[PDB]
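Have a look at entry_21.csv; it's CSV, N, CA and C atoms:
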chain,number,residue,atom,x,y,z
Z,1,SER,N,0.8,-1.2,0.0
Z,1,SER,CA,0.0,0.0,0.0
Z,1,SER,C,0.9,1.2,0.0
Z,2,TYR,N,0.5,2.2,-0.8
Z,2,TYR,CA,1.3,3.4,-1.0
Z,2,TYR,C,1.3,4.4,0.2
Z,3,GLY,N,0.1,4.9,0.5
Z,3,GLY,CA,0.0,5.9,1.6
Z,3,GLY,C,0.3,7.3,1.2
Z,4,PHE,N,-0.3,7.8,0.1
Z,4,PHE,CA,-0.2,9.2,-0.3
Z,4,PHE,C,-0.9,10.1,0.6
Z,5,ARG,N,-0.2,11.3,0.8
Z,5,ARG,CA,-0.7,12.4,1.7
Z,5,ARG,C,-0.7,13.7,0.9
Z,6,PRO,N,-1.6,14.6,1.2
Z,6,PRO,CA,-1.7,15.8,0.4
Z,6,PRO,C,-0.7,17.0,0.6
Z,7,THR,N,0.3,16.7,1.4
Z,7,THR,CA,1.3,17.8,1.8
Z,7,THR,C,2.7,17.3,1.4
Z,8,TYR,N,2.9,16.8,0.2
Z,8,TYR,CA,4.2,16.4,-0.2
Z,8,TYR,C,4.3,16.6,-1.7
Z,9,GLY,N,5.5,16.4,-2.3
Z,9,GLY,CA,5.7,16.7,-3.7
Z,9,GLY,C,4.9,15.7,-4.6
Z,10,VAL,N,5.0,16.1,-5.9
Z,10,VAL,CA,4.2,15.3,-6.9
Z,10,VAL,C,4.7,13.9,-7.1
Z,11,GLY,N,5.9,13.5,-6.6
Z,11,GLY,CA,6.4,12.2,-6.8
Z,11,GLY,C,5.7,11.1,-6.0
Z,12,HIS,N,4.9,11.5,-5.0
Z,12,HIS,CA,4.1,10.6,-4.2
Z,12,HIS,C,2.7,11.0,-4.0
Z,13,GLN,N,2.1,11.5,-5.1
Z,13,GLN,CA,0.7,12.0,-5.1
Z,13,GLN,C,-0.1,11.2,-6.2
Z,14,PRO,N,-1.4,10.8,-5.9
Z,14,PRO,CA,-2.1,10.0,-6.8
Z,14,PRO,C,-2.6,10.7,-8.0
Z,15,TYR,N,-2.4,10.1,-9.1
Z,15,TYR,CA,-2.9,10.6,-10.4
Z,15,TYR,C,-3.8,9.6,-11.1
Z,16,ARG,N,-5.0,10.0,-11.4
Z,16,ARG,CA,-6.0,9.1,-12.0
Z,16,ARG,C,-5.6,9.0,-13.5
Z,17,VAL,N,-5.4,7.8,-14.0
Z,17,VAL,CA,-5.0,7.5,-15.4
Z,17,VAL,C,-6.0,6.7,-16.1
Z,18,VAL,N,-6.5,7.2,-17.3
Z,18,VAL,CA,-7.4,6.5,-18.1
Z,18,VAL,C,-6.7,5.9,-19.3
Z,19,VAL,N,-6.4,4.6,-19.3
Z,19,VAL,CA,-5.6,4.0,-20.4
Z,19,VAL,C,-6.6,3.7,-21.5
Z,20,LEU,N,-6.6,4.5,-22.5
Z,20,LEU,CA,-7.5,4.3,-23.7
Z,20,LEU,C,-7.0,3.2,-24.5
Z,21,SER,N,-7.7,2.0,-24.5
Z,21,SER,CA,-7.3,0.9,-25.3
Z,21,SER,C,-8.4,0.7,-26.4
Z,22,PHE,N,-8.0,0.5,-27.6
Z,22,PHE,CA,-8.9,0.4,-28.7
Z,22,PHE,C,-8.2,-0.3,-29.9
Z,23,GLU,N,-9.0,-0.7,-30.9
Z,23,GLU,CA,-8.4,-1.4,-32.1
Z,23,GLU,C,-9.4,-1.1,-33.2
Z,24,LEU,N,-8.8,-0.9,-34.4
Z,24,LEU,CA,-9.5,-0.7,-35.6
Z,24,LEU,C,-9.9,-2.1,-36.2
Z,25,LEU,N,-11.2,-2.4,-36.2
Z,25,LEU,CA,-11.7,-3.7,-36.5
Z,25,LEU,C,-12.6,-3.7,-37.7
Z,26,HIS,N,-12.9,-4.9,-38.2
Z,26,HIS,CA,-13.9,-5.2,-39.2
Z,26,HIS,C,-15.3,-4.8,-38.8
Z,27,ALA,N,-15.6,-4.7,-37.5
Z,27,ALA,CA,-16.9,-4.4,-37.1
Z,27,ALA,C,-17.5,-3.1,-37.5
Z,28,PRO,N,-18.8,-3.0,-37.7
Z,28,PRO,CA,-19.3,-1.7,-38.0
Z,28,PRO,C,-19.0,-0.6,-37.0
Z,29,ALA,N,-18.8,0.6,-37.5
Z,29,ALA,CA,-18.4,1.8,-36.7
Z,29,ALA,C,-19.4,2.0,-35.6
Z,30,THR,N,-18.8,2.4,-34.4
Z,30,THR,CA,-19.7,2.7,-33.2
Z,30,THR,C,-19.6,4.1,-32.7
Z,31,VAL,N,-18.4,4.6,-32.4
Z,31,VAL,CA,-18.2,5.9,-31.7
Z,31,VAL,C,-17.3,6.8,-32.6
Z,32,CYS,N,-17.8,7.6,-33.4
Z,32,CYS,CA,-17.1,8.6,-34.2
Z,32,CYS,C,-17.8,9.9,-34.4
Z,33,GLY,N,-18.4,10.4,-33.3
Z,33,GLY,CA,-18.8,11.8,-33.2
Z,33,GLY,C,-20.0,12.2,-33.9
Z,34,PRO,N,-20.4,13.5,-33.7
Z,34,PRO,CA,-21.7,14.0,-34.3
Z,34,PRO,C,-21.6,14.5,-35.7
Z,35,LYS,N,-20.4,14.2,-36.3
Z,35,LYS,CA,-20.1,14.8,-37.7
Z,35,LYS,C,-21.2,14.6,-38.7
Z,36,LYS,N,-21.5,15.6,-39.5
Z,36,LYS,CA,-22.6,15.6,-40.4
Z,36,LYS,C,-22.6,14.5,-41.4
Z,37,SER,N,-23.6,13.8,-41.5
Z,37,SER,CA,-23.7,12.8,-42.6
Z,37,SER,C,-24.1,13.6,-43.9
Z,38,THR,N,-23.7,13.2,-45.0
Z,38,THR,CA,-23.9,14.0,-46.2
Z,38,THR,C,-24.8,13.2,-47.2
Z,39,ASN,N,-25.0,13.7,-48.4
Z,39,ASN,CA,-25.8,13.0,-49.4
Z,39,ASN,C,-25.0,12.0,-50.1
Z,40,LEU,N,-25.6,11.3,-51.1
Z,40,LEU,CA,-25.0,10.2,-51.8
Z,40,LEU,C,-25.0,10.5,-53.3
Z,41,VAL,N,-23.9,10.2,-54.0
Z,41,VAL,CA,-23.9,10.3,-55.5
Z,41,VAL,C,-23.5,9.0,-56.1
Z,42,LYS,N,-24.0,8.7,-57.3
Z,42,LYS,CA,-23.7,7.5,-57.9
Z,42,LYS,C,-23.0,7.6,-59.3
Z,43,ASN,N,-22.7,8.8,-59.7
Z,43,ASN,CA,-22.0,8.9,-61.0
Z,43,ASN,C,-20.8,9.9,-60.9
Z,44,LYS,N,-20.6,10.6,-59.8
Z,44,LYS,CA,-19.6,11.6,-59.7
Z,44,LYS,C,-18.5,11.2,-58.7
Z,45,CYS,N,-17.2,11.5,-59.0
Z,45,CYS,CA,-16.1,11.2,-58.1
Z,45,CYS,C,-16.2,12.2,-57.0
Z,46,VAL,N,-16.0,11.7,-55.8
Z,46,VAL,CA,-16.0,12.5,-54.5
Z,46,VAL,C,-14.9,12.1,-53.6
Z,47,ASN,N,-14.7,12.8,-52.5
Z,47,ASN,CA,-13.8,12.5,-51.5
Z,47,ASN,C,-14.5,11.8,-50.3
Z,48,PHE,N,-14.8,10.5,-50.5
Z,48,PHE,CA,-15.6,9.9,-49.5
Z,48,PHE,C,-14.8,9.6,-48.2
Z,49,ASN,N,-15.6,9.5,-47.1
Z,49,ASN,CA,-15.1,9.2,-45.8
Z,49,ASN,C,-15.9,8.2,-45.1
O,1,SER,N,28.8,24.6,-4.8
O,1,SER,CA,28.1,23.7,-3.9
O,1,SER,C,26.6,24.0,-3.9
O,2,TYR,N,25.8,22.9,-4.0
O,2,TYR,CA,24.4,23.0,-4.2
O,2,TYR,C,23.7,23.5,-3.0
O,3,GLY,N,24.0,23.0,-1.8
O,3,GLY,CA,23.3,23.4,-0.6
O,3,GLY,C,21.9,23.0,-0.5
O,4,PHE,N,21.7,21.6,-0.6
O,4,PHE,CA,20.4,21.1,-0.6
O,4,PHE,C,19.7,21.2,0.8
O,5,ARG,N,18.3,21.3,0.7
O,5,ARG,CA,17.5,21.3,1.9
O,5,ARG,C,16.3,20.3,1.8
O,6,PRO,N,15.9,19.7,2.9
O,6,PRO,CA,14.9,18.7,2.8
O,6,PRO,C,13.4,19.2,2.8
O,7,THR,N,13.2,20.4,2.6
O,7,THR,CA,11.8,21.0,2.6
O,7,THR,C,11.5,21.7,1.3
O,8,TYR,N,11.8,21.1,0.2
O,8,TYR,CA,11.4,21.7,-1.1
O,8,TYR,C,11.0,20.6,-2.1
O,9,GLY,N,10.5,20.9,-3.2
O,9,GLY,CA,10.0,20.0,-4.2
O,9,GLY,C,11.1,19.1,-4.7
O,10,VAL,N,10.6,18.1,-5.5
O,10,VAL,CA,11.5,17.0,-6.1
O,10,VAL,C,12.4,17.6,-7.1
O,11,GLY,N,12.1,18.8,-7.7
O,11,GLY,CA,13.1,19.4,-8.6
O,11,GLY,C,14.3,19.9,-8.0
O,12,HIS,N,14.4,20.0,-6.6
O,12,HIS,CA,15.5,20.5,-5.9
O,12,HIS,C,15.8,19.5,-4.7
O,13,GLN,N,15.8,18.2,-5.0
O,13,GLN,CA,16.1,17.2,-3.9
O,13,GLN,C,17.2,16.3,-4.5
O,14,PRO,N,18.2,15.9,-3.6
O,14,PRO,CA,19.3,15.1,-4.1
O,14,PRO,C,18.9,13.7,-4.3
O,15,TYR,N,19.3,13.1,-5.4
O,15,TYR,CA,19.1,11.7,-5.8
O,15,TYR,C,20.4,11.0,-6.0
O,16,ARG,N,20.5,9.9,-5.3
O,16,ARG,CA,21.7,9.0,-5.5
O,16,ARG,C,21.6,8.2,-6.8
O,17,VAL,N,22.6,8.3,-7.6
O,17,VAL,CA,22.6,7.7,-9.0
O,17,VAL,C,23.7,6.7,-9.1
O,18,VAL,N,23.4,5.5,-9.6
O,18,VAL,CA,24.4,4.5,-9.8
O,18,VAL,C,24.5,4.3,-11.3
O,19,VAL,N,25.5,4.8,-12.0
O,19,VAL,CA,25.7,4.7,-13.4
O,19,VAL,C,26.3,3.3,-13.7
O,20,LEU,N,25.5,2.4,-14.2
O,20,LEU,CA,26.0,1.1,-14.5
O,20,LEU,C,26.7,1.1,-15.9
O,21,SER,N,28.0,0.8,-15.8
O,21,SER,CA,28.9,0.8,-17.1
O,21,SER,C,29.5,-0.6,-17.2
O,22,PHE,N,29.4,-1.1,-18.4
O,22,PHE,CA,29.9,-2.5,-18.7
O,22,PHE,C,30.1,-2.6,-20.2
O,23,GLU,N,30.7,-3.7,-20.5
O,23,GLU,CA,31.0,-4.0,-21.9
O,23,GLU,C,31.1,-5.5,-22.1
O,24,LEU,N,30.7,-6.0,-23.3
O,24,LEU,CA,30.7,-7.4,-23.6
O,24,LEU,C,32.1,-7.7,-24.2
O,25,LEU,N,32.9,-8.5,-23.5
O,25,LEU,CA,34.3,-8.7,-23.9
O,25,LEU,C,34.6,-10.1,-24.3
O,26,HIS,N,35.8,-10.3,-24.8
O,26,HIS,CA,36.4,-11.7,-25.0
O,26,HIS,C,36.7,-12.4,-23.7
O,27,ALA,N,36.8,-11.7,-22.6
O,27,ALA,CA,37.2,-12.3,-21.4
O,27,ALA,C,36.2,-13.3,-20.9
O,28,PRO,N,36.6,-14.3,-20.1
O,28,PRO,CA,35.7,-15.3,-19.6
O,28,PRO,C,34.7,-14.7,-18.7
O,29,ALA,N,33.5,-15.3,-18.7
O,29,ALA,CA,32.3,-14.7,-18.0
O,29,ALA,C,32.5,-14.6,-16.5
O,30,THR,N,32.0,-13.6,-15.9
O,30,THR,CA,32.2,-13.3,-14.5
O,30,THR,C,30.9,-13.3,-13.7
O,31,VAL,N,30.0,-12.4,-14.1
O,31,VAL,CA,28.8,-12.1,-13.2
O,31,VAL,C,27.5,-12.4,-14.1
O,32,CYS,N,27.0,-13.6,-14.0
O,32,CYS,CA,25.8,-13.9,-14.7
O,32,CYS,C,25.0,-14.9,-13.9
O,33,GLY,N,24.8,-14.7,-12.6
O,33,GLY,CA,23.7,-15.3,-11.9
O,33,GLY,C,23.8,-16.7,-11.4
O,34,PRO,N,22.9,-17.2,-10.6
O,34,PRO,CA,23.0,-18.5,-10.1
O,34,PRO,C,22.4,-19.6,-10.9
O,35,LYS,N,22.1,-19.2,-12.2
O,35,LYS,CA,21.3,-20.1,-13.1
O,35,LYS,C,21.9,-21.5,-13.2
O,36,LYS,N,21.0,-22.5,-13.3
O,36,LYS,CA,21.5,-23.9,-13.2
O,36,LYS,C,22.4,-24.3,-14.4
O,37,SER,N,23.6,-24.7,-14.1
O,37,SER,CA,24.4,-25.4,-15.2
O,37,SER,C,23.7,-26.7,-15.5
O,38,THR,N,23.8,-27.2,-16.7
O,38,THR,CA,23.2,-28.4,-17.1
O,38,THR,C,24.2,-29.4,-17.5
O,39,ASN,N,23.7,-30.5,-18.1
O,39,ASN,CA,24.6,-31.6,-18.6
O,39,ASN,C,25.2,-31.2,-20.0
O,40,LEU,N,26.0,-32.1,-20.5
O,40,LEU,CA,26.6,-31.9,-21.8
O,40,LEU,C,26.3,-33.1,-22.7
O,41,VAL,N,26.1,-32.8,-24.0
O,41,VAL,CA,25.8,-33.8,-25.0
O,41,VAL,C,26.8,-33.6,-26.2
O,42,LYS,N,27.2,-34.7,-26.8
O,42,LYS,CA,28.2,-34.7,-27.8
O,42,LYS,C,27.8,-35.1,-29.2
O,43,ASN,N,26.5,-35.5,-29.3
O,43,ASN,CA,25.9,-36.0,-30.6
O,43,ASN,C,24.6,-35.4,-31.0
O,44,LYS,N,23.9,-34.7,-30.0
O,44,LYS,CA,22.5,-34.3,-30.3
O,44,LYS,C,22.5,-32.8,-30.3
O,45,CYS,N,21.6,-32.2,-31.3
O,45,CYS,CA,21.5,-30.8,-31.4
O,45,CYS,C,20.7,-30.3,-30.2
O,46,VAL,N,21.1,-29.2,-29.6
O,46,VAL,CA,20.5,-28.6,-28.5
O,46,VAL,C,20.4,-27.0,-28.7
O,47,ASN,N,19.8,-26.4,-27.7
O,47,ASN,CA,19.7,-24.9,-27.7
O,47,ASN,C,20.7,-24.5,-26.6
O,48,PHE,N,22.0,-24.4,-26.9
O,48,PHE,CA,23.0,-24.0,-26.0
O,48,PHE,C,23.0,-22.5,-25.6
O,49,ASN,N,23.4,-22.2,-24.4
O,49,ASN,CA,23.5,-20.9,-23.9
O,49,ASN,C,24.9,-20.7,-23.2

Please express the file's structure as structure tokens.
Amino acid sequence: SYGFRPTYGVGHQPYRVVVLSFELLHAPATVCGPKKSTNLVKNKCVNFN
Amino acid sequence: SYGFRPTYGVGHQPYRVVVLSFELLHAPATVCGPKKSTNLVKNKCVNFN
């Protein structure tokens, strides 16, 4: 057990760490923001995303 | 002279440092642990160390 106290230097103070672990998979997309969906074209070249 | 004091942050606190310096030489081995010596074979292929 560590035993950190609030009156010492930063070398013995607790820091909450969120280890973001992820992987780019074959699965359908889940979490990629509120970004605007656009229209669809079937004959013209576009910069699709 | 630094003049260190025990009531300041870690940026101004003395740290004892042991600089390990070594080199892999032709000389016979000296310091490589209590690891178990094994038997010897003269006709069979092995993974020697």

Compile a residue-level contact table for chain Z against chain O at a cut-off of 8 Å, reporting for every qualifying residue the shortest atom pair and its distance in Å to one decimal, with only N, CA and C atoms counted, rows ordered by chain and ascending number, as JSON lines.
{"residue": "Z:8", "atom": "C", "partner": "O:9", "partner_atom": "CA", "distance": 7.1}
{"residue": "Z:9", "atom": "CA", "partner": "O:10", "partner_atom": "N", "distance": 5.4}
{"residue": "Z:10", "atom": "N", "partner": "O:10", "partner_atom": "N", "distance": 6.0}
{"residue": "Z:11", "atom": "N", "partner": "O:10", "partner_atom": "CA", "distance": 6.6}

Length of the atom N of residue 37 of chain O to atom C of residue 49 of chain O vector [Å]: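 Those two atoms sit 10.0 Å apart.
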
Quick one: everything within 8 Å of residue 4 of chain O, counting only C-alpha atoms, minus sequence neighbours fewer than 4 positions away in the same chain. Send it as a ChimeraX atom specification. /O:12-14

Please measure the separation of atom CA of residue 6 of chain Z and atom CA of residue 6 of chain O, giving the value in Å to one decimal.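 Interatomic distance, atom CA of residue 6 of chain Z to atom CA of residue 6 of chain O: 17.0 Å.
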
When you draw a straight line from atom N of residue 31 of chain Z to atom C of residue 48 of chain Z, how long is it in Å?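 So the two atoms, atom N of residue 31 of chain Z and atom C of residue 48 of chain Z, lie 17.0 Å apart.
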
Please produce segment 10-34 of chain O, completed to N, CA, C and O atoms, as a PDB file, in the frame of the given file.
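Resulting contents of result-v9.pdb:
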ATOM      1  N   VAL O  10      10.600  18.100  -5.500  1.00  0.00           N
ATOM      2  CA  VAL O  10      11.500  17.000  -6.100  1.00  0.00           C
ATOM      3  C   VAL O  10      12.400  17.600  -7.100  1.00  0.00           C
ATOM      4  O   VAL O  10      13.464  16.985  -7.366  1.00  0.00           O
ATOM      5  N   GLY O  11      12.100  18.800  -7.700  1.00  0.00           N
ATOM      6  CA  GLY O  11      13.100  19.400  -8.600  1.00  0.00           C
ATOM      7  C   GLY O  11      14.300  19.900  -8.000  1.00  0.00           C
ATOM      8  O   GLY O  11      15.289  20.203  -8.680  1.00  0.00           O
ATOM      9  N   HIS O  12      14.400  20.000  -6.600  1.00  0.00           N
ATOM     10  CA  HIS O  12      15.500  20.500  -5.900  1.00  0.00           C
ATOM     11  C   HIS O  12      15.800  19.500  -4.700  1.00  0.00           C
ATOM     12  O   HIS O  12      15.987  19.984  -3.574  1.00  0.00           O
ATOM     13  N   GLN O  13      15.800  18.200  -5.000  1.00  0.00           N
ATOM     14  CA  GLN O  13      16.100  17.200  -3.900  1.00  0.00           C
ATOM     15  C   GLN O  13      17.200  16.300  -4.500  1.00  0.00           C
ATOM     16  O   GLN O  13      17.101  15.847  -5.618  1.00  0.00           O
ATOM     17  N   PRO O  14      18.200  15.900  -3.600  1.00  0.00           N
ATOM     18  CA  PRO O  14      19.300  15.100  -4.100  1.00  0.00           C
ATOM     19  C   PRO O  14      18.900  13.700  -4.300  1.00  0.00           C
ATOM     20  O   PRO O  14      18.164  13.083  -3.501  1.00  0.00           O
ATOM     21  N   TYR O  15      19.300  13.100  -5.400  1.00  0.00           N
ATOM     22  CA  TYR O  15      19.100  11.700  -5.800  1.00  0.00           C
ATOM     23  C   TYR O  15      20.400  11.000  -6.000  1.00  0.00           C
ATOM     24  O   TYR O  15      21.228  11.474  -6.764  1.00  0.00           O
ATOM     25  N   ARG O  16      20.500   9.900  -5.300  1.00  0.00           N
ATOM     26  CA  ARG O  16      21.700   9.000  -5.500  1.00  0.00           C
ATOM     27  C   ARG O  16      21.600   8.200  -6.800  1.00  0.00           C
ATOM     28  O   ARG O  16      20.584   7.554  -7.024  1.00  0.00           O
ATOM     29  N   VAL O  17      22.600   8.300  -7.600  1.00  0.00           N
ATOM     30  CA  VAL O  17      22.600   7.700  -9.000  1.00  0.00           C
ATOM     31  C   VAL O  17      23.700   6.700  -9.100  1.00  0.00           C
ATOM     32  O   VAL O  17      24.888   7.020  -8.738  1.00  0.00           O
ATOM     33  N   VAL O  18      23.400   5.500  -9.600  1.00  0.00           N
ATOM     34  CA  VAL O  18      24.400   4.500  -9.800  1.00  0.00           C
ATOM     35  C   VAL O  18      24.500   4.300 -11.300  1.00  0.00           C
ATOM     36  O   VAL O  18      23.586   3.633 -11.912  1.00  0.00           O
ATOM     37  N   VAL O  19      25.500   4.800 -12.000  1.00  0.00           N
ATOM     38  CA  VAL O  19      25.700   4.700 -13.400  1.00  0.00           C
ATOM     39  C   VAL O  19      26.300   3.300 -13.700  1.00  0.00           C
ATOM     40  O   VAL O  19      27.526   3.140 -13.516  1.00  0.00           O
ATOM     41  N   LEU O  20      25.500   2.400 -14.200  1.00  0.00           N
ATOM     42  CA  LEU O  20      26.000   1.100 -14.500  1.00  0.00           C
ATOM     43  C   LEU O  20      26.700   1.100 -15.900  1.00  0.00           C
ATOM     44  O   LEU O  20      26.137   1.426 -16.885  1.00  0.00           O
ATOM     45  N   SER O  21      28.000   0.800 -15.800  1.00  0.00           N
ATOM     46  CA  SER O  21      28.900   0.800 -17.100  1.00  0.00           C
ATOM     47  C   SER O  21      29.500  -0.600 -17.200  1.00  0.00           C
ATOM     48  O   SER O  21      30.099  -1.084 -16.272  1.00  0.00           O
ATOM     49  N   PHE O  22      29.400  -1.100 -18.400  1.00  0.00           N
ATOM     50  CA  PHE O  22      29.900  -2.500 -18.700  1.00  0.00           C
ATOM     51  C   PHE O  22      30.100  -2.600 -20.200  1.00  0.00           C
ATOM     52  O   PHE O  22      29.792  -1.722 -20.953  1.00  0.00           O
ATOM     53  N   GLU O  23      30.700  -3.700 -20.500  1.00  0.00           N
ATOM     54  CA  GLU O  23      31.000  -4.000 -21.900  1.00  0.00           C
ATOM     55  C   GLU O  23      31.100  -5.500 -22.100  1.00  0.00           C
ATOM     56  O   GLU O  23      31.629  -6.238 -21.229  1.00  0.00           O
ATOM     57  N   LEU O  24      30.700  -6.000 -23.300  1.00  0.00           N
ATOM     58  CA  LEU O  24      30.700  -7.400 -23.600  1.00  0.00           C
ATOM     59  C   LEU O  24      32.100  -7.700 -24.200  1.00  0.00           C
ATOM     60  O   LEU O  24      32.342  -7.260 -25.354  1.00  0.00           O
ATOM     61  N   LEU O  25      32.900  -8.500 -23.500  1.00  0.00           N
ATOM     62  CA  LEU O  25      34.300  -8.700 -23.900  1.00  0.00           C
ATOM     63  C   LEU O  25      34.600 -10.100 -24.300  1.00  0.00           C
ATOM     64  O   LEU O  25      33.785 -11.029 -24.020  1.00  0.00           O
ATOM     65  N   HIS O  26      35.800 -10.300 -24.800  1.00  0.00           N
ATOM     66  CA  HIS O  26      36.400 -11.700 -25.000  1.00  0.00           C
ATOM     67  C   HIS O  26      36.700 -12.400 -23.700  1.00  0.00           C
ATOM     68  O   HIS O  26      36.856 -13.618 -23.765  1.00  0.00           O
ATOM     69  N   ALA O  27      36.800 -11.700 -22.600  1.00  0.00           N
ATOM     70  CA  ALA O  27      37.200 -12.300 -21.400  1.00  0.00           C
ATOM     71  C   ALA O  27      36.200 -13.300 -20.900  1.00  0.00           C
ATOM     72  O   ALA O  27      35.007 -13.289 -21.240  1.00  0.00           O
ATOM     73  N   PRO O  28      36.600 -14.300 -20.100  1.00  0.00           N
ATOM     74  CA  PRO O  28      35.700 -15.300 -19.600  1.00  0.00           C
ATOM     75  C   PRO O  28      34.700 -14.700 -18.700  1.00  0.00           C
ATOM     76  O   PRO O  28      34.884 -13.671 -18.026  1.00  0.00           O
ATOM     77  N   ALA O  29      33.500 -15.300 -18.700  1.00  0.00           N
ATOM     78  CA  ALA O  29      32.300 -14.700 -18.000  1.00  0.00           C
ATOM     79  C   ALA O  29      32.500 -14.600 -16.500  1.00  0.00           C
ATOM     80  O   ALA O  29      33.177 -15.521 -15.930  1.00  0.00           O
ATOM     81  N   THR O  30      32.000 -13.600 -15.900  1.00  0.00           N
ATOM     82  CA  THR O  30      32.200 -13.300 -14.500  1.00  0.00           C
ATOM     83  C   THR O  30      30.900 -13.300 -13.700  1.00  0.00           C
ATOM     84  O   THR O  30      30.735 -14.095 -12.783  1.00  0.00           O
ATOM     85  N   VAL O  31      30.000 -12.400 -14.100  1.00  0.00           N
ATOM     86  CA  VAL O  31      28.800 -12.100 -13.200  1.00  0.00           C
ATOM     87  C   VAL O  31      27.500 -12.400 -14.100  1.00  0.00           C
ATOM     88  O   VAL O  31      27.003 -11.469 -14.708  1.00  0.00           O
ATOM     89  N   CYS O  32      27.000 -13.600 -14.000  1.00  0.00           N
ATOM     90  CA  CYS O  32      25.800 -13.900 -14.700  1.00  0.00           C
ATOM     91  C   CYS O  32      25.000 -14.900 -13.900  1.00  0.00           C
ATOM     92  O   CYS O  32      24.448 -15.926 -14.468  1.00  0.00           O
ATOM     93  N   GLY O  33      24.800 -14.700 -12.600  1.00  0.00           N
ATOM     94  CA  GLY O  33      23.700 -15.300 -11.900  1.00  0.00           C
ATOM     95  C   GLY O  33      23.800 -16.700 -11.400  1.00  0.00           C
ATOM     96  O   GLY O  33      24.792 -17.427 -11.808  1.00  0.00           O
ATOM     97  N   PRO O  34      22.900 -17.200 -10.600  1.00  0.00           N
ATOM     98  CA  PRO O  34      23.000 -18.500 -10.100  1.00  0.00           C
ATOM     99  C   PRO O  34      22.400 -19.600 -10.900  1.00  0.00           C
ATOM    100  O   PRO O  34      22.097 -20.716 -10.420  1.00  0.00           O
TER     101      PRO O  34
END
